[PDB]
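Chain by chain, the residues:
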Amino acid sequence: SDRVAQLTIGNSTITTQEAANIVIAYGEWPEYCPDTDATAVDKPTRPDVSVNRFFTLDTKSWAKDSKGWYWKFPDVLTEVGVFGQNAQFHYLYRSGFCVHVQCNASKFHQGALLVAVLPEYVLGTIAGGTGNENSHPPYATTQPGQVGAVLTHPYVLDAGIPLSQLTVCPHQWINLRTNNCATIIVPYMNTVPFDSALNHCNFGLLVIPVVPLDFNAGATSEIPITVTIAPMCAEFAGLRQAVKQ
Amino acid sequence: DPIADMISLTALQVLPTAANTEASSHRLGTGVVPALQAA
């Protein structure tokens, strides 16, 4: 009654028999932009079921020495399904998201993944090691797309901030002996009512193994981690020709 | 009476804020043409 759950939206349904509740980021549900906050005057387009449905991105392999991964929203979907198309044809965009990270093992495996949502996840470089080089992250690192990227220094989240404090953000743990997934519902967060789905990532999703994976030789060693996400209340405005970036 | 011959379309308004925008839908008809003007 708290470990079992079903998420149905659009023409997609997700099930799980070993959940650990669901988190509503900052206690707020996604919602279309009201007339008091809106500023752009054109009537928005709200595709509904064609874009607010679950999308499953590539799977990652959890190894005994994995550092962790991260994805950026809405970057991950800017080129997938009808959502991507609306994101490319419109200047303005806004929406919430239902993030469902999946990972199952056996009652003999062990390990804990911290799944968190960090809004405005700005990355930094190691500054040439010495700190005298003012280098910057490449486009491929700031917006890794659907494939996601790997963290090089998880301890400081590749941004000079302690991973030990990441729990101050909406999050769940996927502790193999307890649950096999994490679910976080994220509302739209920005200083503006709508924004470019191409030039700005509202938040990043981080999956980091704080407690390394471990198992005895002989047990299945391919332990994948899959990410399935669903836009919620997706709105679009400022229609024109398609633009990829 | 012996001699008969001897006998602003703009007002201020208080507009403290910019005009709002009302929601409108599609208009498909004749006779009416808001887009056409005569400068």
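Up top you'll find the structure we're talking about.
In what follows, the accompanying structure is described.

### What to know about the sheet that holds strand β9 (residues 149-150) of chain A
Residue and element names in this part refer to chain A.
Then step 1. Reading across from one edge, β9-β6-β12-β8-β10 is the order of the 5 strands in this open sheet, with antiparallel pairing throughout. Single-partner strands in this sheet number two, and they are β9 and β10 (171-175).
Then step 2. Where strand β8 (residues 110-119) and strand β12 (residues 203-214) come together, 9 bridges link them in antiparallel fashion. Within β12, the position partnered with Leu-118 by the bridge is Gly-204.

### As for the packing of aromatic side chains
All names here are of chain A.
Then step 1. Tallied over the full model, the rule gives 8 aromatic pairs over all chains.
Then step 2. On the numbers, 5.5 Å between centres and 75° between planes, the contact of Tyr-70 with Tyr-121 is edge-to-face. Placement of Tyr-70 in strand β6 (residues 69-73) and of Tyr-121 in the loop between β8 and α2 (139-142) is noted, with a sequence separation of 51 residues between them.
Then step 3. Using a relative accessible area of 1% as the deciding quantity, one classes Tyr-70 as buried.
Then step 4. Aromatic rings pair up to connect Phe-73, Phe-83, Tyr-93, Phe-97, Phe-203 and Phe-236 into one cluster.
Then step 5. Positioned above the aromatic ring of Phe-55, the side-chain terminus of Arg-53 is 4.8 Å from the ring centre.

### Here we look at the state of the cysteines
Residues and elements named next belong to chain A.
Then step 1. The final tally for this structure, using the stated rule, is 0 disulfides over all chains.
Then step 2. Not engaged in a disulfide, the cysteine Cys-103 finds its nearest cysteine sulfur in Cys-181; these two sulfurs lie 10 Å apart.
Then step 3. Here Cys-103 falls in the buried class, since its relative accessible area comes to 1%.
Then step 4. The closest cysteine sulfur to the non-disulfide-bonded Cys-233 is located on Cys-33, 11 Å from its own sulfur.

### Section: the pairing of strand β2 (residues 12-16) of chain A
All names here are of chain A.
Then step 1. What you see with β2 is a clean split: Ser-12, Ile-14 and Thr-16 sit on the buried side and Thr-13 and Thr-15 on the side with no burial.
Then step 2. In the sheet, strand β1 (residues 5-9) pairs with β2 via 5 bridges, with the strands oriented antiparallel. Pairing of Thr-8 across the sheet is with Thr-13, part of β2.
Then step 3. Following β1, the chain reverses through 2 residues before pairing antiparallel with β2; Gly-10 in that reversal takes a positive phi of roughly 75°.

### Focus: the side chain of A:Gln143
Residue and element names in this part refer to chain A.
Then step 1. The residue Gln-143 is located in the loop between α2 and β9 in this model.
Then step 2. Polar contacts involving the side chain of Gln-143 include one to the main-chain carbonyl oxygen of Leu-198, which spans 3.3 Å.
Then step 3. Excluding residues within four positions of it along the chain, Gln-143 makes contact with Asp-75, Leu-198, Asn-199 and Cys-201.

### Examining a nonpolar patch on the surface
Then step 1. A cluster of nonpolar side chains, A:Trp173, A:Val210 and A:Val211, forms an exposed patch at the surface whose accessible area comes to about 240 Å².
Then step 2. On the secondary structure map, A:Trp173 appears in strand β10.

Each value, and the rule that gives it
Residues numbered from 1 in each chain as written, not as in the entry; some residues may be left out. Chains lettered and ligands numbered in written order. Part of a larger assembly, values for the part shown. Heavy atoms only, no water. Pairing = 2+ DSSP bridges. Helix = DSSP H or I, 4+ residues; strand = E, 2+ residues; numbered from the N terminus. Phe/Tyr/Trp six-rings, centres within 6.5 Å; stacked < 30°, edge-to-face > 60°. Buried < 20%, exposed > 50% of the residue type's maximum accessible area, 1.4 Å probe, protein only. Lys NZ or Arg CZ within 6 Å of the ring centre and 35° of its normal. Disulfide = S-S within 2.5 Å. Polar contact = N/O pair within 3.5 Å; in protein donor to acceptor, adjacent residues only side chain to side chain. Contact = heavy atoms within 4.5 Å. Patch = residues over 30% accessible without salt bridge, like charges linked within 9 Å, V, L, I, M, F, W, Y side chains within 5 Å. Areas by Shrake-Rupley, 256 points an atom, 1.4 Å probe, with all protein chains shown as cover. Salt bridge = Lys/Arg side-chain N within 4 Å of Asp/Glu carboxyl O.

None of the figures reported here should be taken as evidence of function without further support.
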